[PDB]
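Heads up, the chain below is alone and in the form deposited in one PDB entry; it's given as structure tokens.
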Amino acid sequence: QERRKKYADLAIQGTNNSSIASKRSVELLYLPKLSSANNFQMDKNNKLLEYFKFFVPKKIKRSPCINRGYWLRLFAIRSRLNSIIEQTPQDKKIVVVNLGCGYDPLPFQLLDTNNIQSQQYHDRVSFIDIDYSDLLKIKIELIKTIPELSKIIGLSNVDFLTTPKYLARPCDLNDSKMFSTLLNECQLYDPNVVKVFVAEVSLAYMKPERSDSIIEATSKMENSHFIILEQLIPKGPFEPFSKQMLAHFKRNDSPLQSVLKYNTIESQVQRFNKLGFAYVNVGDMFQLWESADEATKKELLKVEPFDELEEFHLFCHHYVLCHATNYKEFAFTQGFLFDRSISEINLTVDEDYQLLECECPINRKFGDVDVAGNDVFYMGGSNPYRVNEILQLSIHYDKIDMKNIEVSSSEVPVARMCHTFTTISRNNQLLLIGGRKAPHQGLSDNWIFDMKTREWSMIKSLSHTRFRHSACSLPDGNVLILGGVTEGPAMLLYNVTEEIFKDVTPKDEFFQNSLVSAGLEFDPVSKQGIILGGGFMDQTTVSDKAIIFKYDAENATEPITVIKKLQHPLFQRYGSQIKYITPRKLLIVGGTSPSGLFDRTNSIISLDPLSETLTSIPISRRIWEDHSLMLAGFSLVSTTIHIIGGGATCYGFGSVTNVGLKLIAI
């Protein structure tokens, strides 16, 4: 009985351990590499100050995606708190109430007068940490036994603590009344003190009814802000990343319960109005990213090797930063304002092709595949480690077999991902271009694989390392190569016979910037090829264009010419793949968007290049829900098109292997 409670309670307190560690990882890596502005912590000698170390036993390291996610999270809260201090008139005290503080040292960081980066907070700001009794006992003993911390709050087996500028109050927030009492005992009813209630991924664990009570309670406090940061599931509990996230949390015995009722950014808005907060500014983590300045973006890219962007889009859309206010006075200046635009788009449901479940397990991602006549070859990729091995795929109406093809040559290309692999030499060979090992180790060495001899042999290398480029075979047998992370030409043509790479970048201002992970395909029939979506090396912008082009094999200086540009929000996708099913019907598949998650209806769409009309190829609920889907790092083969391979590491909520899909005629 009351045991079942004291367990689910300690499991929730356990999540602090996980998140304080991650924040510490950012203190170790990011903060030292960052300028004064996005710094957070620093003394007069431009020497970084450290606060998360007092609360974390060991040194910790995270994936570049988790590290980025947590920097954004600190920037999220800090930026909000900043808009408040800057604006609040100079005669009002300010109290930041941290609901479920964990070991969060935000108080000491902002109070410490050594830290010149938080000077606006030295004078007139005070803090109250609220959390379970046990977690605070521990936290309070540290604070007392650490001269650096104790000095900051004016100090020299309890669970409470009191100082002029900092309080810590034991309280189970599930207990609405006791919280209502705490609000009163802390004189937060006072109109001459601006309250800033922060719930950083804590109310997320409590039930909708119990968390909302906390919110309504605070709404009775005149002049109060409520900043909440927590998970969303903007397309239901069944969207690929949502599914994984939710399950991860049941596993830890600390499920997200409030998010089940509050799925979207919009529901969060209605929630706060309903509960006494009339004024609400709200966006998801990627709008925060977008909102960061160019000099900050530049820095953040250079902090550490990163190439896990699909993940980052997914993660970002699943965290909302909600800033609410219960008074008209406070303005959401244009510097802090989020834009909100859910433009529901209805697409005609394609009547010619449908989507089948193909249960096919190559269990790898970001390799490449291409068919040489009959046989189907997949090379490299990661599973989750990088390999240089070749699988052969036997595709049947039911499933696909696969066997390792061992090689006879001693020299072999190194394990690599994000390369291309393309049939050349009249289906007799396979071209391997570029790729990378670690994100900071892009490759310039190119190889060819001879099926007849099963020998690898390295050819002319690139002048510039290149990965995440796209590539397709042209009619004449040559290979068109498109962008990727690179310092070289935005478009290459590899003459297979001549053995030369040639810069064929079209004279359109579009190709000014290198296009990363865009869709690319040619059609020998309609004598046309398309380019779809694609991101830019700023890791922020994502093209929404679909660019038709023709290829004049004889024009030696400008073989490729931009025929026609199209523009649709559904074209805005990083890491998608396209393939002609018909010279009039261009299948488009997956990828991620900076502007929101894709769902059942628009994850897979068709395009009629000529008439310019889109149609949806829906994923049935049966497969949306039952089968682990993760259209990222995947490939398309045609015998009937197959969507095999792919997966993602869902922000340390585990990993998700794409199980396989099949497009058939109706």
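Shifts are known only where both forms have a C-alpha. Note that residue numbering follows the sequence shown and begins at 1. In this text, rigid core is short for the largest set of C-alphas that superpose within 1.5 Å between two forms.
Per the record, how many residues of the deposited chain fall between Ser156 and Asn157 without being modelled: none, 1 to 3, 4 to 9, or 10 or more? Unmodelled stretch: 4 to 9 residues.
I'd like to know the size of any gap between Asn46 and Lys47, counted in deposited residues with no coordinates: none, 1 to 3, 4 to 9, or 10 or more. Gap size class: none, per the record.
Mean C-alpha B-factor comparison - 592-600 and 551-559, higher one: In the deposited entry, the stretch with the higher C-alpha B-factor mean is 551-559.
Quick check on the record: does 435-443 or 211-219 carry the larger mean Cα temperature factor? Result of the comparison: 211-219.
Per the entry's Cα B factor values, which of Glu230, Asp398, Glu310, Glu185 stands out as the maximum? Among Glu230, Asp398, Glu310, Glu185, the PDB entry lists the largest C-alpha B-factor for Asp398.
Looking at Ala76, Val320, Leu275, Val525, which has the biggest Cα B factor in the entry? By C-alpha B-factor in the record, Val525 ranks first.
Could you tell me which third, lowest, middle or highest, the C-alpha B-factor of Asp450 occupies within its chain? Highest third of the chain for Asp450's C-alpha B-factor.
Looking at the temperature factor on the CA atom of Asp134, which third of the chain's modelled residues does it land in? CA B-factor rank for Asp134: highest third.
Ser22's Cα B-factor: lowest, middle or highest third of the chain? Its C-alpha B-factor, which the entry lists for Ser22, ranks in the lowest third among residues of this chain.
Using the B-factors in the PDB entry, rank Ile605's C-alpha atom against the chain and give the third, lowest, middle or highest. Its C-alpha B-factor, which the entry lists for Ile605, ranks in the middle third among residues of this chain.
Ranked by Cα temperature factor within the chain, is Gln539 in the lowest third, the middle third or the highest third? According to the entry, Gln539 has a C-alpha B-factor in the chain's lowest third.
The same protein has a further form, the form deposited in another entry, not shown here; the description that follows concerns it.
Could you check, with the core superposed, whether the Cα atom of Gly654 shifts 2 Å or more between this form and the one not shown? After core superposition, the C-alpha of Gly654 moves less than 2 Å between this form and the one not shown.
Exceeds or equals 2 Å, Cα of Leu10 between this form and the one not shown, core fit: Indeed, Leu10 is displaced by 2 Å or more.
Shorter or longer C-alpha distance for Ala8 and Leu142 in that other deposited form, given it differs from this form by 3 Å or more? Closer is correct, given that in that other deposited form the C-alpha spacing of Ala8 to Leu142 is reduced by at least 3 Å.
Tell me whether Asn16 and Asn174 end up closer or farther apart in that other deposited form, going by their C-alpha atoms; the shift is 3 Å or more. Pair moves farther apart in that other deposited form.
Suppose the core is superposed; which segments, at least 3 residues long, show C-alpha displacements of 2 Å or more throughout between this form and the one not shown? Run 1-17 stands out as the only one displaced between this form and the one not shown - at least 3 residues long.
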